[PDB]
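Just one chain is shown here, as structure tokens, and it is the form deposited in one PDB entry.
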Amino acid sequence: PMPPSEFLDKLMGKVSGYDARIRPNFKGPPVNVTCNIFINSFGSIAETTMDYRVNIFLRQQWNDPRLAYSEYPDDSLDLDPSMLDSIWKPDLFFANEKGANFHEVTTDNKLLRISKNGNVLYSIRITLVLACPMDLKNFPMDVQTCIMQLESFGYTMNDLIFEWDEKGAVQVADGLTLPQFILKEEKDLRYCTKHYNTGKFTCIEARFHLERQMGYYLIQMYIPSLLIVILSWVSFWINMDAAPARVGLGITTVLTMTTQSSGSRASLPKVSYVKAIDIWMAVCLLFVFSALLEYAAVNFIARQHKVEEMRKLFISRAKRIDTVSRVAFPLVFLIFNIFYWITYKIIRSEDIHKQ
């Protein structure tokens, strides 16, 4: 009955005497803010810069006593986004954020709702670039923990306290599929209170567990690496007295393999610890490099002969090495392959336990 416009002015207005500068319940118990997050999109995870981008809906709930209304029967009246300036809002901000911006497509992407008891609901559409320190050992098979830190710049824990919502704290949009990662459904909600010389400030943290899909890594690096090792083994069936042919084969494989190893570092950041792709690349280089010395020994042993019995002995030894190599080289690679994967599988299992 009473006009809608008057209610906007009569409440939280100059006549009302509401002061947006003064927090609710001044000189009293700390304000308690419950927070929700809805993840619209997750992606753009970059190892080089150690950051990821996310688009979220940040919802906050708090109780302002000065905003209670009994004149209108309806509850949870939606307000206008343009009048949010005069509403008192908590100074939440992201500790690990590197770049954030609001969204203004047609109007401001903001929602404000006020219930009769004074409860306030305020949701914003934000895009976050968040810093994520990464441990890049076990690089191909690595679970990565991403964190989001929400803490208060200006209000101490005597005035503003942040808590996670009981039901549906972090909610993920339906059918959200990361390109090269898998996001686990278990989310860790922790308290990490911050202490500064200025004082103590409230902080809440949400942790995401990301598993790396290994389809791409097998096709583009592991399988090509297998070819270079196998192609090197072709030399063991080439004639013994084919020094241009066999050495040329050896050099091309070894040098191509080094370029393939150099290809991997392009995207990775410059780190000073050994990774799992290094242990693969190092052993692969050892196998091709040992093939070159295999022919070098055969060539040297053959010429060592310079009565007739001596050349029979030396020539047999060079031939024997090639026949032994034809089985020894594939066999040792098989032993290494079995040990490599099982060792790295049990580690990955423990990674799930560590989450």
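So that there is no doubt, residue numbering starts at 1 and follows the sequence shown. For the two forms, the rigid core is made up of the largest set of C-alpha atoms that agree within 1.5 Å on superposition.
From this point on, the text means the form deposited in another entry, which you will not see here.
Comparing the two forms between the shown form and the other one on the rigid core, the single residue of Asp188, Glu163, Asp80, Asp91 with a CA shift of 2 Å or greater is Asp80. Annotation: Cα of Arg265 displaced by at least 2 Å between the shown form and the other one, core superposition. Annotation for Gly28: C-alpha shift under 2 angstroms between the shown form and the other one, rigid core superposed. With the core held fixed, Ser152 shows a CA shift below 2 Å between the shown form and the other one.
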